[PDB]
Number of protein chains: 12
Amino acid sequence: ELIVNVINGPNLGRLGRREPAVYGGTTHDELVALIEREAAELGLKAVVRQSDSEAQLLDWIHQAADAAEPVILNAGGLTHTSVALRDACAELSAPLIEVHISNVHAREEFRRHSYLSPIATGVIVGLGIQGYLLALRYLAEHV
Amino acid sequence: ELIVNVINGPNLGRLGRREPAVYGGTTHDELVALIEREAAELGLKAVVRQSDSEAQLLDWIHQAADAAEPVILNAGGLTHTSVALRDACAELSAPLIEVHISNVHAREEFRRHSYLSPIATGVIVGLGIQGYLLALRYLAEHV
Amino acid sequence: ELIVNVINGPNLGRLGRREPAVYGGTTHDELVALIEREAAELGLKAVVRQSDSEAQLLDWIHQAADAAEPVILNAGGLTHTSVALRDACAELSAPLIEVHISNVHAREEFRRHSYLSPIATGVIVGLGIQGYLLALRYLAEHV
Amino acid sequence: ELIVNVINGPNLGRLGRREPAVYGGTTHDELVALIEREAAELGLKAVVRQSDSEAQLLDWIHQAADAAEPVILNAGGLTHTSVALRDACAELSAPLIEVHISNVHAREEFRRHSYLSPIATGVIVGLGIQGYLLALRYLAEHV
Amino acid sequence: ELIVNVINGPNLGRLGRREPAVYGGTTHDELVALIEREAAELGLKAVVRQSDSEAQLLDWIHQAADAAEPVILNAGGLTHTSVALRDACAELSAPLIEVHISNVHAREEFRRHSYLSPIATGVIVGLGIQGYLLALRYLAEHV
Amino acid sequence: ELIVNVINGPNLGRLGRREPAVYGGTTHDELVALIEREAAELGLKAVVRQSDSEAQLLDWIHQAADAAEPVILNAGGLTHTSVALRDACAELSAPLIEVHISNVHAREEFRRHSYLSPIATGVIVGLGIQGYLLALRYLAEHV
Amino acid sequence: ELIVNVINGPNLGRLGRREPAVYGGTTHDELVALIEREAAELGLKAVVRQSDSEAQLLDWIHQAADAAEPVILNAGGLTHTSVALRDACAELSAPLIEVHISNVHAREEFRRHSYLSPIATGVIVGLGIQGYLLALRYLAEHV
Amino acid sequence: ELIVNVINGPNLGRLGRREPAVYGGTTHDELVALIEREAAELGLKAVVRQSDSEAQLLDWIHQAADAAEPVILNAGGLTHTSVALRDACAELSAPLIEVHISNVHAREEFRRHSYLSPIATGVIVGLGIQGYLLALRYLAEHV
Amino acid sequence: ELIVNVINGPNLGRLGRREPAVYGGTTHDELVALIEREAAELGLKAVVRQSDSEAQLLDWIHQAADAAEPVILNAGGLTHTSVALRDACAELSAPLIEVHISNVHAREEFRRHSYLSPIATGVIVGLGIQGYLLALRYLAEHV
Amino acid sequence: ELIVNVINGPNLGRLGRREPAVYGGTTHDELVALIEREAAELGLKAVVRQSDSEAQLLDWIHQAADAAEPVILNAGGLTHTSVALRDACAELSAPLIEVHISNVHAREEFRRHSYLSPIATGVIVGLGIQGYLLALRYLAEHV
Amino acid sequence: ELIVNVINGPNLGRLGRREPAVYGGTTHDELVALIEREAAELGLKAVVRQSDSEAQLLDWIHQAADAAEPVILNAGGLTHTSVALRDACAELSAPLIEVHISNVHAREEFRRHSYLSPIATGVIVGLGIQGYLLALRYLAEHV
Amino acid sequence: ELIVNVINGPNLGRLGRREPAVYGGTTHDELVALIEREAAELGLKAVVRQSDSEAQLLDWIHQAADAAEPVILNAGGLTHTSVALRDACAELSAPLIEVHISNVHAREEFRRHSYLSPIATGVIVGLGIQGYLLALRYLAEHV
Ligand SMILES: O=C(O)[C@]1(O)C[C@H](CCCOc2ccccc2)[C@@H](O)[C@H](O)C1
Ligand SMILES: O=C(O)[C@]1(O)C[C@H](CCCOc2ccccc2)[C@@H](O)[C@H](O)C1
Ligand SMILES: O=C(O)[C@]1(O)C[C@H](CCCOc2ccccc2)[C@@H](O)[C@H](O)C1
Ligand SMILES: O=C(O)[C@]1(O)C[C@H](CCCOc2ccccc2)[C@@H](O)[C@H](O)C1
Ligand SMILES: O=C(O)[C@]1(O)C[C@H](CCCOc2ccccc2)[C@@H](O)[C@H](O)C1
Ligand SMILES: O=C(O)[C@]1(O)C[C@H](CCCOc2ccccc2)[C@@H](O)[C@H](O)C1
Ligand SMILES: O=C(O)[C@]1(O)C[C@H](CCCOc2ccccc2)[C@@H](O)[C@H](O)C1
Ligand SMILES: O=C(O)[C@]1(O)C[C@H](CCCOc2ccccc2)[C@@H](O)[C@H](O)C1
Ligand SMILES: O=C(O)[C@]1(O)C[C@H](CCCOc2ccccc2)[C@@H](O)[C@H](O)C1
Ligand SMILES: O=C(O)[C@]1(O)C[C@H](CCCOc2ccccc2)[C@@H](O)[C@H](O)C1
Ligand SMILES: O=C(O)[C@]1(O)C[C@H](CCCOc2ccccc2)[C@@H](O)[C@H](O)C1
Ligand SMILES: O=C(O)[C@]1(O)C[C@H](CCCOc2ccccc2)[C@@H](O)[C@H](O)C1
């Protein structure tokens, strides 16, 4: 059985109950539930985790590197800013799928650049919360 | 019933039987078949079309604009170069999902820029041919 | 008698019946009619032609170069992208007036740059469809 | 009856009797006369004014803003340099047509950028003095 | 009664007892006292908090977003670097005043750019510690 | 007794009775009155002056340099354009506070750059007309 | 026997009978003849083809990729603009020699950049029509 | 007899009695005297004039253009900012020598760029007030 | 006796047992041991510490600033990203030696820029783990 | 009889016996021999010279300028760096062919820029040592 | 008695007998003579030297640094390229006057940048050979 | 026994007896002595050489490439300017350590870029003359 780490970065704990015009009306706990529901359908286990702490994100990335498990990562603002987080992600031997809820190319110019994309397997942007469900489906087929 | 236009741009007719290291071993005719198989599973119809001609691509974009049908577009090198094709795509009232087979951010700097992303609903890159199957699944849920 | 070639590039066949907020409510066939009406008033003949095909546009540019006739060209997205079309236009010995319906300077930064302006006699932007009628009036006085 | 303010910026008082290779052989007083002749033909009144003083130009822009009258403005070198003059022009509620006698895109790179274009209704460049007559004709139709 | 959150970012706990040539001789505890003294004079309550932890700053921003209370934020080096902190601040519905003690425009070029200014109500720089007292006075009048 | 020169640059004579959405509903004469009212409260004298003329602004800057009096300067569009005005301001030996009514960082990219900030004591932006009252309060304490 | 594809892009059908000051007085049909004459001397066969159509150029590139035959390509304005054409050329397993008639470095800055050079075996510029004869001689020795 | 116009731009009326560390201890009236003393020695007449007004500078440039007399111009901050003043100077048929008192290349990056240098005969910078005496000596030999 | 703080930033806890091709086969605990062995040889004491937390790094920098002790800092990805960490380091009165294990100039363009180098005493890059031993030897001689 | 100067710049004395993967297995003495063999076939004389000294290269360029003889120049790293060498080459009245052995466009970005190309007759890159033989053949026909 | 070193860099040995349209018809030996004639008039001694060798130029700069004598330096193409030569010049304790014969601002963009200007006392450009005579006159007064 | 080439570029012959504030009070002959003293301690031989001549530096680089011996290179201003010297250094099969005495990142922006760093084993900057002693110690351990 494949175990998949879903990791949300800064501010995404406020999903759904804040800024529904931007990031959608699904809350972080509902997101967790949808991911676990889809994982069961696919015969996988999803571990869904969110933190505002870069140190804490790096630790979760490290652990998935040690376990050789895949990661679906929405790093929030750290996508555009963190070399630390890119270098922890570059270490992963299993696939890394980068997810943005919003279309980061329809926004400010600075969101169009990701430290993560070049070292990710692939990227999904602007498809809302389905982004994560779709990433999980890719990883279920690419084992 | 939703009808979805899958549109491939220049060079992608050579899929699978050329450059399998880059764009994967699935051929364009197999791609068509996989998309039509998945469409049936989802209760949709996919019209899958490829052209090396920008004029011909624009016509297919126009027709989907007139029908208000969604489009999954992998525009190939025109992604990075064509304002004409962006302005035809900007006209679409149904969702437009941009797909790249390869991760265009792990390549030359010029592939990191898309004329299409800012006017697309969303973007999927680097997930190979599954990219298209995943886009089709989003569009099946977002009706 | 002066003969004037009016040449519309990609997407402008959809004028008026699409995107009236941007490019105005005059359709391409009405545009043709207004140009031919104004040409008669001025004692000229206008040949009004539109194509989504760069190859086809180049051929029409070539023919006007061979006839030494003037051209009013709205190249659409190719304004910002095509060196091919600029080099065919650079060949014209009679005047070349560049026309944009929309004000391309009140839009995305990329529309502010034209390959054509430097080799054109002159440029008219943002005055809608009158742009073309005004270009025709200049060419009637500059013979 | 429409009243139209034609406003010339620095150095354009020297028109025609200087630099005829660049800006044409029509003098500023002849320019005035041609504009007033064309205005009568169109059933409008043109007030044609030139100043080397940015303060004086701003005052003339202010007055047209207060009267809600249109403006045809050739700001000369201030086109490329003045945010003050752009912000006075941005205030106009009637149309603002930017005019350059010369084709500013066939010259030094710095002339290709205008502070005024983004806030103008439209722009006419390189059509010489007819530029102004054509702008007046647009404003006569867009009332 | 208005409650105002004053939030200091990395390194500003060392105020006054370090680098008095740059950031002034007022210490962080004296800063707190001056802010609370001025708040009483104005009939408001100030909650003054400092942290070297971006995670901790984000939490304090979140809480003010939930309470709809205003914030005076001096984010220190994170002003120039953090998209995470900008996106938490963008969420605030009450006013956000950005404060720098030093004039960040008289220093290295990189300090001249703030992620925060575009989403702030306003900015006060280079007026030392009075910066904060002045921000508090604005917020007292803008309720 | 401290005397403070408040100097407004181009277009700001139109305050309040124009563009109230941008620069607020306070007129220039009301601005004067509010500044003189606050000056009395603070035991200072404010000399409040506005001009559309760069030459006239430079003269007022010169006079304050000769008197060694402080200046609150909102230079309008000249903030982003004038080296002349910066070099006159650099001469001031008493404090210079730069004021913008609007938040110039939430607007076009060109307004984010000031010739004045690097040579000013400090800057206040986006706090509307209170900007000036707050600058006056700083200068009252920094004597 | 080596077969070599000589491929000319947009506008080069007008060679010699147009713009002899820039591209020389040899016409496209004479070019063909000179290339076939030189090929016989070298014991090779040259297939010389020109098109204004990017789609048509891509097809000719595809065919040479399938045959593993070399290509001498002068892509005209598409040299500086087309990623599509670069990606078809990148596929060639036999040598690709890029040819410009004119010295593209003695012209506008934009002609100094080629999408093709990085994926070509080599480049020959500014040696006029001999460019092609020289490329053919290289390919005759590098088999 | 040669007549030479020496023209000083904004802020240079304050020479010598202000900022002697930067621009030297010679006052504007002493500068005038030194220039007239040197002119007599050389058998020329110098007309030495200073203005803070761009309009006034343009008028003095115009007059020298009409008289075909040479100009020594220190435009102050307008050197780096004014296209208006460059275009009036470009009109001069006699030599134009650009003078800076200070070495503008040992200062802020923005002072290293002059609108005037490209259209001047020559430039003298950083040699203080002798700059002007040396320019006058060149013009005495180049008649 | 000199006390030297050796401080490792994000991801460097994984040294040696991960990515030995990049950062070498020495683990973080072996690194500690080698540094303490060399310190004894030199008559110094090394305090060797690693953290993934920017807040924690800043605290360790603060403490060395308060003790006026030197620091050898390998900040990992924060080298290229953190102004916070630069400003804490700028405070150090004893020497600061920046160390990179890898040669950061033989890698991606973004690693070639350090916030730390300009405020460091000196920099050592690409000499692997010896980097640290060499920095310690410099600090032993520069007391 | 035409005399042709073949001039090799820094490091190219090491040809063939060093870095055969990059610059090919032909040594500098073999290069000389091949060039002299081809010159005899063509009825010309080649003078083949190499130097690591820019001063020495300039002297050889000077001599060919004085003799009005053509030059084939591979300047090595000086191609991308030397304005001195460009200005000596600009003086040549006979043709100058720039040669690179390697394709300088398939390498680091800095090799893509040549000081020499704009003033050369033409350029040949990436065709190895044949580059020189081909340049000699052009010069034999262009006399 | 003041001794002044006049130092000419690469290519300037060819003065006057080459490129008289650019650098004037005075030869290097005549230049020497004019400088020595003017030096006698001024009561100074000029040592006039030219070299194509950067090493040789550096030695002459070194010697003037050791003697604390002034230098008039026209470095030719090395002006725009050499940090070595700038750092030798930065060492001079007596004045350094940079001279260009041609106006380097009316030419290619790359000539507008000098490594030398920022460390020179002053710069004289475009005044031909008089440049040197004028520099000598400054140095005679500034002792 | 390891032989190590220590190579100093332009201006560094003047070490210690010039510019002691920048490059330290150790002279070039003392530098030699310290390096030879340290080499004996380490059981190596150092050959220490300095030249102002790029040609001479290239020859010394060539010889070390032929001997497969390591090099410690401080190239002076050529660090930032010379592609020739980089390409000779790229040839070295033994380690190349780049040394700067000064911290080149605390200086002008242009010194922050090295042609050498990307092809060096490693870099040591700002540690003064110890830089060289430390490089020698690395090379003694990395054999
Ligand atoms: O589109 C996305 O998922 C992002 O990665 C999310 C971010 C999210 C910021 C989080 O802010 C929130 C605030 C309230 C509710 C949800 C998210 C942003 O920093 C990236 O540019 C785009
Ligand atoms: O990754 C993708 O799908 C692309 O959009 C595809 C392109 C495809 C070029 C097509 O070339 C092929 C050649 C042989 C076989 C398949 C594709 C390229 O121009 C884009 O940068 C990335
Ligand atoms: O303003 C103009 O006329 C343009 O040249 C027109 C374009 C037109 C695109 C055509 O799109 C249309 C779609 C529907 C209806 C009419 C036009 C655009 O690509 C240029 O930037 C500006
Ligand atoms: O092309 C135009 O009308 C301009 O706006 C006019 C300008 C005119 C400068 C005026 O100079 C003159 C000098 C003598 C005679 C007429 C004009 C220039 O600064 C703009 O770039 C282009
Ligand atoms: O001027 C300000 O208040 C800043 O926002 C403060 C910062 C403060 C850094 C904190 O460093 C300190 C060190 C010792 C004492 C006080 C502050 C800096 O990173 C910003 O560019 C400007
Ligand atoms: O925000 C400010 O105070 C400004 O300095 C004001 C300006 C004001 C322009 C004046 O325009 C007005 C027009 C009507 C009413 C008030 C002001 C603008 O040029 C600066 O970018 C920002
Ligand atoms: O120098 C060359 O061969 C070019 O590749 C040719 C082009 C040719 C354009 C074709 O235009 C012609 C027009 C009339 C006659 C011949 C060519 C141009 O777009 C490239 O920058 C340089
Ligand atoms: O170096 C020069 O002469 C300048 O052209 C003079 C200027 C002068 C500004 C005038 O300011 C003064 C203030 C007091 C006394 C004298 C001059 C400056 O704007 C240019 O960058 C350099
Ligand atoms: O070369 C170095 O020491 C670095 O400062 C280290 C970094 C280290 C990232 C840490 O990643 C590691 C992962 C596994 C094992 C060791 C390090 C990187 O972010 C800098 O660009 C260069
Ligand atoms: O491709 C070429 O011929 C070059 O002009 C040659 C150079 C040659 C450097 C010489 O290095 C060598 C080292 C060993 C053997 C041969 C050459 C390089 O600096 C240019 O970028 C490209
Ligand atoms: O204008 C000047 O004096 C220069 O410093 C001279 C140079 C001179 C190059 C020398 O070339 C010559 C060739 C023949 C005759 C005289 C000079 C050039 O590299 C600088 O950009 C401008
Ligand atoms: O810091 C270093 O060692 C340098 O590589 C040395 C240089 C040295 C220039 C030599 O100048 C000197 C002058 C007098 C005494 C010693 C050195 C400079 O060009 C580099 O940017 C930094």
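Within every chain, numbering begins at 1; the chains are lettered A, B, ... in the order of the sequence lines, protein sequences first and strands thereafter. Worth knowing before you read on, the calculation uses all heavy atoms, side chains too, and leaves out hydrogens, waters and symmetry mates. Counting convention: from 1, in listed order, for ligands and their atoms alike.
Contacts between I:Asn11 and ligand 9 below 4.0 angstrom, taking non-hydrogen atoms only, involve backbone and side chain alike. Only the side chain of I:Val104 comes within contact range of ligand 9, with a heavy atom under 4.0 Å; no backbone atom does. Residue-level proximity to ligand 4 for D:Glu19 is carried by the side chain, the only part with a heavy atom below 4.0 angstrom. In A:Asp87, the part holding a heavy atom less than 4.0 Å from any atom of ligand 9 is the side chain.
The CG atom of H:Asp87 lies 8.5 Å from the OG atom of H:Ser82; values are rounded to the nearest 0.5 Å. To the nearest 0.5 Å, atom CG of residue D:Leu12 and atom OH of residue D:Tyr23 are 7.5 Å apart. Atom CG in H:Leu73 sits 9.0 Å away from atom CG in H:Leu92 (nearest 0.5 Å). For the atom pair H:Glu109 CD and H:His80 NE2, the distance stands at 11.5 Å (nearest 0.5 Å). I:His113 NE2 to I:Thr79 OG1: the interatomic distance, rounded to the nearest 0.5 Å, is 10.5 Å. To the nearest 0.5 angstrom, H:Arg111 atom CZ is 10.5 Å from H:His100 atom NE2.
Ranking protein heavy atoms by distance to atom 7 (C) of ligand 9, first place goes to I:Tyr23 OH, 3.5 Å.
Checking I:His100, I:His80, I:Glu98, I:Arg107 against atom 5 (O) of ligand 9, the nearest heavy atom belongs to I:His100.
Polar contact with ligand 8: absent for H:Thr79 (N/O pair, distance under 3.5 Å). In terms of polar-atom proximity, D:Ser102 is counted as a contact of ligand 4, with an N or O under 3.5 Å from an N or O of the ligand. Looking at H:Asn74 next to ligand 8, an N or O pair under 3.5 Å apart turns up. The shortest N/O to N/O separation between H:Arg111 and ligand 8 falls below 3.5 Å. Checked by distance only, ligand 8 and H:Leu15 stay at 3.5 Å or farther apart across all their nitrogen or oxygen atoms.
For ligand 8, the atoms closer than 4.0 angstrom to any heavy atom of H:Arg18 are 14 (C), 15 (C). Shown in contact with D:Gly77 at under 4.0 Å from a heavy atom are these atoms of ligand 4, numbered in order with element: 19 (O). Close contacts of ligand 8 with H:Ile101, meaning ligand atoms under 4.0 Å from a residue heavy atom, involve 1 (O), 2 (C), 3 (O). For ligand 8, the atoms closer than 4.0 angstrom to any heavy atom of H:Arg14 are 14 (C), 15 (C).
Under a cut-off of 6.0 angstrom, the local environment of CG in I:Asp29 is sparse, with at most 12 non-hydrogen atoms contributed by other residues, nucleotides or ligands.
The aromatic rings of H:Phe110 and F:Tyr115 lie perpendicular to each other, with more than 60° between the two planes, well past the 30° mark.
Residues I:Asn103 and L:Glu98 form no side-chain contact, since every pair of their non-hydrogen atoms from C-beta on lies 4.5 Å or further apart.
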Please lay out, stage by stage, how I:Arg14 and I:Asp52 fare under the test salt bridge (charged side-chain N to carboxylate O under 4.0 Å, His left out). CA-CA 11 Å; I:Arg14 328 254 301 151; I:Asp52 285 353; over 6 Å; no
